[PDB]
Amino acid sequence: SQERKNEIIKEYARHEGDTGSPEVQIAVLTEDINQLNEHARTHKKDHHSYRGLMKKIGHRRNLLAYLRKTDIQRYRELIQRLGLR
Amino acid sequence: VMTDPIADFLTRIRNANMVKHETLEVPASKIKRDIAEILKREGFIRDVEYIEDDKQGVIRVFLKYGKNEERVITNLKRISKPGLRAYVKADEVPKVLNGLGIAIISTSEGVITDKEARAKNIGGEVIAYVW
Amino acid sequence: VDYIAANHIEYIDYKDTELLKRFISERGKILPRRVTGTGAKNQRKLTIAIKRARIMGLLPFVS
Amino acid sequence: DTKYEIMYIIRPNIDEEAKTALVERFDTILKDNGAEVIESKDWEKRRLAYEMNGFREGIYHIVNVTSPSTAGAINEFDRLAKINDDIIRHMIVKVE
Amino acid sequence: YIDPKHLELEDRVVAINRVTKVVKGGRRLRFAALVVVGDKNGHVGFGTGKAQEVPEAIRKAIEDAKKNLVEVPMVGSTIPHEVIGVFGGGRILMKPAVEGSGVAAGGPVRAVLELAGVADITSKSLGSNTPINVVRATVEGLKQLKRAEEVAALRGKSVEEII
RNA sequence: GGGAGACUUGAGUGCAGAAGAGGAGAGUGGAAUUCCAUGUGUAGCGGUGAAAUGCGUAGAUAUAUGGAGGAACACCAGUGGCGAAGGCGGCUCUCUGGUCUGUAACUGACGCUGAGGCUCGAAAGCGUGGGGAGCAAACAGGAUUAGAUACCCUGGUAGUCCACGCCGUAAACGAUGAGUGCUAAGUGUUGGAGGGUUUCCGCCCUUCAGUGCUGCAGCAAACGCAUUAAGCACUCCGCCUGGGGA
Ligand SMILES: CN[C@@H]1[C@H](O)[C@H](NC)[C@H]2O[C@@]3(O)C(=O)C[C@@H](C)O[C@H]3O[C@@H]2[C@H]1O
Ligand SMILES: [K+]
Ligand SMILES: [K+]
Ligand SMILES: [K+]
Ligand SMILES: [K+]
Ligand SMILES: [K+]
Ligand SMILES: [Mg+2]
Ligand SMILES: [Mg+2]
Ligand SMILES: [Mg+2]
Ligand SMILES: [Mg+2]
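Protein chains in written order, with PDB author numbering: chain p, 4 to 88; chain i, 2 to 132; chain s, 14 to 76; chain g, 4 to 99; chain f, 3 to 165.
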């Protein structure tokens with residue numbers, strides 16, 4: 004849902020109008036990952052959609068690594084907010 | 002993804018020279034400008050001009066062809082590469098085609114030709130050969 | 014001549030049996046887009062509409 | 004929401020009263036399961052291109068409806084239309 | 003182009019190959035001869051000639067080589083600078099050598115260089131040894147050779163400024 | 001290289017659009033084969049290079065009308081489209097992935113490759129339970145032949161289909177790893193974008209991304225490749241070192 008995406012972006016935006024940033028992208032990626040995990044658990048055999056999920060997971064991990072390298076405090080804060088490891 | 006802009010610059014010159022294109026354009030950098038001016042003052046190129054943009058600047062090179070449209074620049078080669086950096090001590094500075102060519106070298110005194118480098122009695126990184 | 018473009022219609026309802034009948038040959042077989050002069054995009058839309066019409070009985074499958 | 008168009012064929016023999024009852028029953032089905040019927044109509048009465056369920060004739064009735072994609076109104080309508088004998092064949096298509 | 007006339011040309015038979023064409027009856031033997039004709043002063047060329055007889059094949063090759071004469075830059079007793087010439091599988095490397103070192107080359111390359119007049123040079127064939135291809139590769143390298151004066155004129159600098 | 005900053009072109013997000021046999025789930029449509037029932041009808045039908053086996057007076061084949069069931073989706077269909085690969089072709093709906101073109105609001109190098117690992121992976125095959133029309137290893141019979149454990153013919157089980165789980169191999173091929181940039185053109189085609197006309201259609205021009213064909217420079221042992229390089233360059237990975245043994 005684009006409306007769900009927009010509200011998530013507003014919540015996690017570093018400032019007003021910041022559509023693209025590690026935190027925003029990671030938050031949006033995490034919500035899509037959770038929704039797509041539900042989809043996969045529903046359809047074990049949708050292997051192509053699962054590949055898309057894995058691409059999202061890899062991209063999210065790369066963004067998290069960059070954020071951890073750049074600002075560890077923001078990294079800690081973001082993982083706390085999103086309930087990540 | 003580009004990993005050696007200097008090597009890409011040399012390749013652009015070689016390809017344009019092969020097709021006898023009049024000029025070529027490359028994204029600009031301090032090292033690229035040093036190389037371009039060395040070629041300029043060595044006579045391997047007709048002229049160099051710099052264009053200012055918002056990204057990184059653009060450097061334009063005018064290829065030099067003699068009478069009968071002969072290519073002055075026979076070829077160019079990248080010596081020191083990201084995969085394997087190359088450094089030479091003062092007595093190791095090479096001569097390209099027994100001096101007919103040149104070897105662009107970066108030293109503590111800046112990017113200079115092999116002739117100047119061995120006149121100063123200093124080594125450095127052998128960026129490229131040209132002849 | 015691309016009839017769809019000439020008529021200037023962007024939506025192809027599968028109910029317009031009159032419209033579909035000019036894209037199916039006798040016996041109900043669909044016509045090549047090269048034969049009919051129609052474009053690729055319009056051809057795909059016509060194919061879907063004709064198949065749906067066949068299913069709903071607006072057009073005959075064979076003969 | 005997502006727009007659906009539903010064209011279904013009622014058998015030629017049905018009485019007008021029975022046809023009205025059938026149409027009203029299915030309209031109630033759509034509304035209760037969550038679909039908002041923006042329009043319903045009897046499109047036409049046409050001879051079938053081929054015999055269907057032993058009939059050469061039918062009454063094509065259209066129902067333009069709108070509903071959320073997740074809502075199961077369309078699914079329940081399809082199940083009930085298959086069950087019913089008065090309707091011969093139904094087609095549901097998303098419309099832009 | 004180089005005019006063969008006015009040049010005191012001399013020839014050397016690099017190789018004579020016995021080549022066969024299979025015909026309905028059997029074999030049809032011919033001789034293919036590779037020859038190098040040079041002037042011992044910087045002009046050299048190579049030619050090929052096919053004929054039923056060795057002398058005729060050599061004569062044809064010599065005429066062809068005269069038509070294909072080329073000139074090679076030479077500094078002192080050696081070539082100006084190192085050069086590698088490739089033609090097909092052939093691949094020859096040549097470097098200048100100090101005075102008196104001789105012509106350190108093998109077979110066909112010796113003929114080409116000696117005929118061209120070079121006296122002190124080092125060589126190595128890093129590719130195939132097929133005589134025709136190595137001779138062709140040799141001349142490619144010799145053409146690649148460049149003169150200090152021409153290079154200086156091209157670059158617009160004096161020869162001293164170049165060196 | 002390290003550290004401290006700055007930047008937006010690479011990268012990604014946002015916003016606006018585009019096409020698609022991309023995938024998974026549940027339904028559904030007609031053609032056709034086989035079988036079943038019942039009519040009409042009488043001696044063959046079927047098959048081969050030629051024959052025979054086989055089916056048929058217990059009425060076959062054919063023919064009309066129905067009914068059953070399984071599998072695949074004619075026309076469209078196109079060096080067309082989508083997919084990382086295998087692969088994906090009736091139609092409808094639900095869930096879902098990716099790609100492409102605009103804009104330049106957003107972060108400011110966050111990228112490329114990627115041993116070891118994990119996932120997918122045609123067909124055949126294995127396990128469990130169903131399904132089974134057609135086709136068909138094995139097998140039976142008839143032919144052919146010197147022989148015929150085959151090719152041909154008549155039947156025909158597993159299998160081919162479905163659900164879950166193994167298997168992880170193919171000439172899994174473009175017999176061409178991935179990323180990036182640069183280097184004549186000509187001509188088709190797919191999806192966009194912009195403009196100049198055009199009443200609209202359309203025509204013409206520009207440009208981005210695919211897909212083909214021809215063809216410079218260059219490359220190549222040759223065949224040929226040639227902006228979809230096998231050309232010119234850089235980064236990372238996989239792999240090769242005579243044939244057989246293997
Ligand atoms: C039928 N006559 C043949 C025929 O003319 C052949 N040429 C095609 C011919 O060829 C030959 O001349 C040949 O050259 C080969 C030789 C075996 O036989 C020769 O005689 C050959 C003659 O006998
Ligand atoms: K029904
Ligand atoms: K989609
Ligand atoms: K099985
Ligand atoms: K394949
Ligand atoms: K061995
Ligand atoms: Mg299988
Ligand atoms: Mg058989
Ligand atoms: Mg293998
Ligand atoms: Mg293209």
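Heads up, the beta-carbon is just placed ideally off N, CA and C, and yes, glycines get one too.
Find the residues of chain g that neighbour residue i, judging by a C-beta separation of less than 9 Å, and give them in chain order.
| i | result |
| --- | --- |
| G52/s | In chain order: nothing, as chain g lies at least about 19 Å away. |
| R65/s | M94, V96 |
| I68/s | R92, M94 |
What does the alpha-carbon distance come out to for the pair residue i and residue j?
| i | j | result |
| --- | --- | --- |
| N20/s | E31/s | 13 Å |
| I43/s | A84/g | 30 Å |
| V48/s | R35/s | 12 Å |
| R17/p | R84/p | 13 Å |
| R149/f | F33/f | 39 Å |
| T4/i | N43/f | 49 Å |
| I17/s | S4/p | 35 Å |
| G28/f | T22/f | 10 Å |
| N78/g | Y53/p | 27 Å |
| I4/f | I60/i | 43 Å |
| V131/i | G90/f | 26 Å |
| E12/f | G87/f | 24 Å |
| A21/g | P15/g | 11 Å |
| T132/f | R93/f | 10 Å |
| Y11/g | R40/s | 25 Å |
| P45/s | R59/g | 30 Å |
| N40/p | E34/p | 10 Å |
| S43/g | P73/s | 26 Å |
| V100/f | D66/f | 34 Å |
| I95/g | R67/s | 14 Å |
Run down chain f in chain order and give the residues with a C-beta less than 9 Å from the C-beta of residue i.
| i | result |
| --- | --- |
| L98/i | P82, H83, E84, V85, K148, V153 |
If the cut is a Cβ gap below 8 Å, which residues of chain f does residue i touch?
| i | result |
| --- | --- |
| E43/i | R157, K159 |
| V2/i | Residues of chain f passing the Cβ test: none, with the nearest at roughly 32 Å. |
| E71/i | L156 |
Find the residues of chain i that neighbour residue i, judging by a C-beta separation of less than 8 Å, and give them in chain order.
| i | result |
| --- | --- |
| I164/f | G100, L101 |
So residue i contacts chain g; which residues on that side make the cut at Cβ distance below 7 Å?
| i | result |
| --- | --- |
| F74/s | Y53 |
For residue i, return the contacting residues in chain f, with the cut-off set at a CB-CB distance below 7 Å.
| i | result |
| --- | --- |
| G67/i | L156 |
Can you round the beta-carbon distance between residue i and residue j to whole angstroms, since I take them to be within the 8 Å contact cut?
| i | j | result |
| --- | --- | --- |
| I74/i | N18/i | 5 Å |
| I25/s | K58/s | 5 Å |
| residue 140/i | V62/i | Outside the displayed range of chain i (2 to 132) lies residue 140/i, so it cannot be described from this structure. |
| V31/p | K8/p | 6 Å |
| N55/s | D29/s | Their Cβ separation, rounded to whole angstroms, is 14 Å, which puts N55/s and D29/s out of contact at 8 Å. |
| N99/i | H83/f | 4 Å |
Listing by chain order, which chain g residues have their CB less than 8 Å from the CB of residue i?
| i | result |
| --- | --- |
| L71/s | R49, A52 |
Handout entry: Residues of the segment 101 to 125 of chain i whose Cβ lies closer than 7 Å to any Cβ of chain f, in chain order
Key = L101
Problem - Contact shell at 6 Å, judged by CB to any heavy atom of ligand 2, ordered along the chain - result: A84/g, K85/g, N87/g, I90/g
Exercise for the section: Determine which residues of the segment 60 to 72 of chain g have a Cβ less than 9 Å from any Cβ of chain s, and write them out in chain order. Expected result: Those residues of the segment 60 to 72 of chain g that come within reach of chain s (Cβ to Cβ, closer than 9 Å) are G61, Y63, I65.
Problem - Residues passing the C-beta test against ligand 1 heavy atoms, cut-off 5 Å - result: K26/f, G27/f
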